[PDB]
Ligand SMILES: N[C@@H](CO)Cn1nnc(-c2ccc(Oc3ncc(Cl)cc3F)cc2)n1
Ligand SMILES: [Yb+3]
Ligand SMILES: [Yb+3]
Ligand SMILES: [Yb+3]
Ligand SMILES: [Zn+2]
């Protein structure tokens, strides 16, 4: 059962298609229109059905050209309000009908962020973007907001004519709005059935540049050139992913570089991956995020978790494919370096939550839990560690990649559970069932903490990071003069980031050590968001007051939760910056993404 949805389950009825006709009103901060759902009954004598909604105003529901009765139930916190619709005629099993709902969103819709012109790069036009994963589609339109249902969709979006709309779909033309010549209607078609969390919309002063045979990069004019260069390896990564997963079925693979408040590193919206502008490091070093979103075109978008309790299926397999893409491009020693880095992030998550915390389990129980509050590196890295351990146990990467491809082929266009995955793993590896039976399945899937076995990792690229981190940790005052810029001469940006992560695991360090690190390495000059984030956390945790303005600026000038949440938490934990962190959150709260504002408030204990 999907404990995060209040809608009728897939066993009662299934939405097959959505035809959305809407208009974006920037003056009211509302999306208004009609959602026409083609719904197929799965039961005999079906007379009503329930949809998910959250802060939606319903004007009317039309079936067969006439208004029908509906009722909105009491709100159930983050789940929203159930909408029960009374069907005019009882449906037989497999009968399909179209239900047209006229609705309008709330300006406080948790799916949307409305930006004023001052919040954009161009400063002249406003901007809107959505983020539906996990359960925010219900805050845009009435739907069965569960990944256990997959539907196709078509959309027609009216916007001010100076702006551009894009969606997680193939572009299907644009025309002036026949009802208003100051507006344009943009059309879209998504012919591959998707779960509704993959519905996405952006409206803004967007420009595009072609960077591959099936890829345009989209952003405001000021970021086009930098984005085209940053993401130039996209076609190469798509070709490797097709070799590992099978055909790319989505047609286009475009990228949208969002404003800095985009809450995630990337969102795998089909046909149009959304990415944070914090990837714009200038040297392509953060391109693993693109490899990750590309990989979701198979693991997540084609094979999907049936409920959010099985989210690790989506992320674990995607991290596994992501690391194979980067291993093909940069070598097997690089794949192991990134895999070992991932184990260290899993160590940090388990330490943060606590080793017995229910969110450190691979398969979770989200009954009465807001998915946004559960979100962490555990499903990604505990999921990856299980697959990497099975790869080692079952004969290596070539053999395990055969399983991955067969798994994608088996479950394409379906929504599955951990038991479906395990049953297929046992079926595919029938000649190695004795090896599979040695796995402690109960501990790996259902127990909290670090996994029961740590995989084997090549240490070649990690050794220099560990050695430099240990030199700093073990240094006394009289050793500080031995450090010098030459210590970093043979380290890649990835290795500098790993040196900082290793050191941050032992923070705090003495203030004099951190001051010496800035003296000889000049980490304050580095703009790479991952390195800067770890360096500023190391400074703040080591109680360097000089870092307070730098950390507050990074926390507020961008809104990627991976960076903003720990920076605000570190600033709140440092007595010297505590009041400033709380005051800065209070002043920026109204202008923040709604989910990020909620999570930073919980982290800071500010209501
Ligand atoms: N797909 C990403 C690129 O890797 C981008 N991304 N955007 N939004 C989200 C997201 C995903 C899941 C969430 O809830 C859960 N968290 C953890 C669990 Cl074990 C189950 C859950 F339901 C909440 C949000 N992920
Ligand atoms: Yb067309
Ligand atoms: Yb079986
Ligand atoms: Yb000494
Ligand atoms: Zn992902």
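Start at 1 and count along the chain as shown; that gives each residue its number.
Method reported for this entry: X-ray crystallography, 1.6 Å.
Every residue, even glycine, has its Cβ placed from backbone N, Cα and C.
As annotated by Swiss-Prot, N6-acetyllysine applies to 69, 333, 410, 569. Swiss-Prot lists 292, 296, 315 with the feature Zn(2+) binding site. According to Swiss-Prot, the active site, proton acceptor annotation covers 293. The feature site 'Covalently modified during suicide inhibition by leukotrienes' is assigned by Swiss-Prot to 375, with experimental evidence given as support. Here Swiss-Prot flags 380 as active site, proton donor, drawing on experimental evidence. Taken from Swiss-Prot, the feature phosphoserine applies to 412.
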Discussion item. Using the alpha carbons only, what distance in Å do you get between residue 333 (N6-acetyllysine) and residue 292 (Zn(2+) binding site) once rounded?
Written reply: 19
Practice prompt. Show, in sequence order, which residues other than 292, 296, 315 on the same chain lie with their Cβ within 8 Å of the centre of the Cβ atoms of the Zn(2+) site.
Written response: 266, 268, 293, 295, 299, 300, 314, 318, 319, 322, 380
Worksheet item: Cβ distance under 8 Å to residue 292 (Zn(2+) binding site), same chain, sequence separation 6 or more: which residues?
Response: 265, 266, 318, 319, 322
Worksheet item: Whole-number Å distance between the CA of residue 375 (site 'Covalently modified during suicide inhibition by leukotrienes') and the CA of residue 293 (active site, proton acceptor)?
Response: 17
Worksheet item: Could you state the CA-to-CA distance between residue 69 (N6-acetyllysine) and residue 293 (active site, proton acceptor) to the nearest Å?
Response: 42
Fill in: Which listed residue (69, 296, 333) has most other Cβ within 10 Å, given these are recorded positions
296
Discussion item. Sequence gap of 6 or more, Cβ distance under 8 Å: name the residues on the same chain that satisfy this around residue 293 (active site, proton acceptor), in order along the sequence.
Written reply: 266, 267, 268, 273, 275
Item to complete: Work through the recorded positions one by one (296, 315, 380, 410, 412) and name whichever has its CA nearest to the CA of residue 569 (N6-acetyllysine).
Response: 380
Discussion item. Applying a 10 Å Cβ distance cut-off over all chains shown, what neighbour count does residue 412 (phosphoserine) have?
Written reply: 17
Practice prompt. Please name the residue among the recorded positions 375, 380 whose C-beta has the most neighbouring C-beta atoms within 10 angstroms.
Written response: 380
Discussion item. Please list the recorded positions from 292, 375, 380 whose Cβ falls under 6 Å of any atom in ligand 3.
Written reply: none
Practice prompt. Please name which of the recorded positions listed here, 296, 315, 410, 412, is nearest in space to residue 380 (active site, proton donor), Cα against Cα.
Written response: 315
Worksheet item: Under 8 Å Cβ-Cβ from residue 410 (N6-acetyllysine), six or more apart in the same chain: what's there?
Response: 424
Discussion item. Let me check the 10 A CB neighbour count of residue 315 (Zn(2+) binding site). How many other CB atoms are there?
Written reply: 24
Worksheet entry | Cα distance (Å, whole number) from residue 296 (Zn(2+) binding site) to the residue listed as 'phosphoserine' | 12
Discussion item. Please give me the CB contact count at 10 A for residue 569 (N6-acetyllysine), counting all chains in the structure.
Written reply: 18
Item to complete: Around ligand 4, within a Cβ distance of under 6 Å, which of the modified residues 69, 333, 410 show up?
Response: none
